[PDB]
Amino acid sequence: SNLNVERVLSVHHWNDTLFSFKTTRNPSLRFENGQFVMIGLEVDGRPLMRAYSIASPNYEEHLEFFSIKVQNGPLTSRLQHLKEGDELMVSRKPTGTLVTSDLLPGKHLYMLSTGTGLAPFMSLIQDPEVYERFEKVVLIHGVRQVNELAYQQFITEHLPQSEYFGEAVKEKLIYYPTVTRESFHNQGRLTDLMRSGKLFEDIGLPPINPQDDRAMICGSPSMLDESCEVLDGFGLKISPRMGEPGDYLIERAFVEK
């Protein structure tokens, strides 16, 4: 079995459909910030594995995962009961398309996400390299309800306080959460706010162009088609394949089964 066995260090529930947890990390597991790996539990003879983006920076000696809670699992129906000390299986080799290396040089990096698609971006915003490569980093997190804005305080209060890169955060990181169904100051779907050009007006940056702007997209399969349509409109060109650099990168946060 080519699977590492990690133990849960802590868990935290945001609401009844979201929760995060931290585990130990075997030093053989190396990854690029933004990549995903497979995690799972042993259930009735076979390990039940699922793809999960790593929500922690690669320089830390522990892992963190941001998870959804689906009525029927079979994984999250069980995973939601994770307790400190519980064991988890993690694969050996990470993979994925959301890495800064496949991004042609630019000055602004837009991270477009919805729901749990925020996960890979949590490791990216704590990567001193993205701050070294870009002038501004815009983290957009689209959601349905206010209680779904996980990591709010962390991004807003704690990150700017960092002793190692807090200055870069305050100076380069623009957090722009949008809520769809409830009263919120950034009302609507991120796709509509970007297409109309309002988003840029709100954040003080000029409209997107294929020379200064790069992006990464992680959300529902439908949100992706809609986001590509919006970015292609500004003239950006998607990377043709994993390993080939382009103006923007996309990856599904989950699949429609």
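Just count from 1 along the sequence shown to find any residue number.
As the entry records it, the average C-alpha temperature factor is higher for 237-245, out of 18-26 and 237-245. The deposited model assigns a higher average Cα B-factor to 181-189 than to the other stretch when 181-189 and 136-144 are compared.
Across the options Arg195, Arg214, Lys69, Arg50, the residue with the most elevated CA B-factor in the record is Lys69.
Note on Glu163, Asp102, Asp127, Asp86: the highest value goes to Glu163, judged by CA B factor as recorded. Annotation for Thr156: CA B-factor lies in the highest third of the chain's modelled residues. In the deposited entry, the Cα temperature factor of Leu149 sits in the middle third of values across the chain's modelled residues. Among the modelled residues of the chain, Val90 sits in the middle third by CA temperature factor in this PDB entry. For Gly117, the recorded CA B-factor ranks within the lowest third of the chain. Only modelled residues enter the ranking.
Sort the chain's modelled residues by C-alpha temperature factor and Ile208 lands in the middle third, per the entry.
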